[PDB]
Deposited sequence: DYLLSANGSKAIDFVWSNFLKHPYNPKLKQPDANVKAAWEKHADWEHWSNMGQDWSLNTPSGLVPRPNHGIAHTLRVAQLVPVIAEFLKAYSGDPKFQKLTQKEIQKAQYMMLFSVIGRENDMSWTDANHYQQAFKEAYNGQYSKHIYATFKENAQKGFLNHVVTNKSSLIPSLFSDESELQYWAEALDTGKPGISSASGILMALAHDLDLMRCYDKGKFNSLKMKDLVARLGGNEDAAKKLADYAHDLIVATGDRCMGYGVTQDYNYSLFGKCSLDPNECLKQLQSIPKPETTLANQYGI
C-alpha cells in the first residue's frame, strides 16, 4: 500500500541510493587473530566467518553487494507488514492488534525500509554478541562497542536525516509530531510487547527463511509465529507461504521453509539492482486471504 505512495517511493530511493546499493565495509569482514582464537573456543557458536558471509553475489546484471540484506530483503519485509497485520487481526485473538490503523501500519511499513541501512557486514545480533564476548575474553576483559547496535544507531541517523529533510511531507501525515517520530526512530533499535513492535519483528522473522536452515527457522521463528496466531498452524503456514513466495518472486534463496531453492541469479540480479523492478515483482504475488 504505502510503498507506491510519494513518501514510500522517496524513502525507497533514499535507502537505496545512500546505503543499500553500496558494498559492505572491508574492515568488518573478519575479526582479528585474537578475537578469532577466543571465538573458536566456543564450539556452540556459529563460526566467525559469519562476519564475512554473503559479502556480494555475481549476477548477469552486475555484482550485487550485501545480497542477504539488500533492496530485495528490505522491500520484502516492508511488503510483509500489512499482510501480517491482517493475520494478527484475524487469528491472534488479542484485541490489542486493532490499534493497528492504516496510519499505524504505514508507519511500521515505512520503518522497515530503514531496517538494514546501517549494516556494514552481514553479521547477526547473536554474532555481534559473540564478537563482543570474544573480544572481552581475548583482551583482558576490555570493552568493545556492540557492532550490531552501532549498525542500528547509524540506521537511526539515516532515518532521521531523511525524515527531517522531508519533514513537511511526513509530519503530520505519517508521524503526528517530532515526539512521535522520536518513538518510531527508537523502534529501529531492535535487539517486545507493543502491537506495532510485534508487527515489525514478525516481518523480520519471516524473511529469515532466506538464510536459516529448516530446523533453525522452525524452532526459532515458526513456533513463535504459530503461538502469535492463536496456535493456528494453518494460518501461520499461509503467512509463511506468502513470505516464501515473495522471496522466490525476487529470485532470492529460500533455505528455511517451503519449496526451497538457491538463487535465481538472473531474476535476483534484476530485482537487486533496480528497486522499482523489485517492487513490481513483489506486488505480482497474491496476498493471502484471512477468514
item: Deposited-sequence ranges lacking C-alpha coordinates, in sequence order; value: 192-194, 295-301
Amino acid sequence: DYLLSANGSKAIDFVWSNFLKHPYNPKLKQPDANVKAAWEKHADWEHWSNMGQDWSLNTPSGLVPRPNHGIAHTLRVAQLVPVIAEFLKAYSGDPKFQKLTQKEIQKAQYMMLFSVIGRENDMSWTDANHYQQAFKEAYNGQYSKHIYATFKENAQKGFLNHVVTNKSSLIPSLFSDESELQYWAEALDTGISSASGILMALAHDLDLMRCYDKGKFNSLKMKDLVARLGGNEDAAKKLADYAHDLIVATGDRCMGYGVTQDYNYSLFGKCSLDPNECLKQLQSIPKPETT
From here on, numbers count along this sequence of modelled residues.
item: Mean C-alpha temperature factor, higher of 46-54 and 250-258; value: 46-54
item: Selected stretch [higher average CA B-factor]: 81-89 or 176-184; value: 176-184
item: Residue selected from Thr74, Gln133, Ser194, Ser219 by maximal Cα B factor; value: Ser194
item: Largest Cα B-factor, entry values, listed residues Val226, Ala33, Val64, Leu239; value: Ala33
item: Where the record places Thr165 (Cα B-factor, split into thirds across the chain); value: highest
item: Third of chain Cα B-factors occupied by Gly215; value: middle
item: Third of chain Cα B-factors occupied by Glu153; value: middle
item: Chain-relative CA temperature factor third for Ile171; value: highest
item: Chain-wide C-alpha B factor ranking for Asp207, given as lowest, middle or highest third; value: lowest
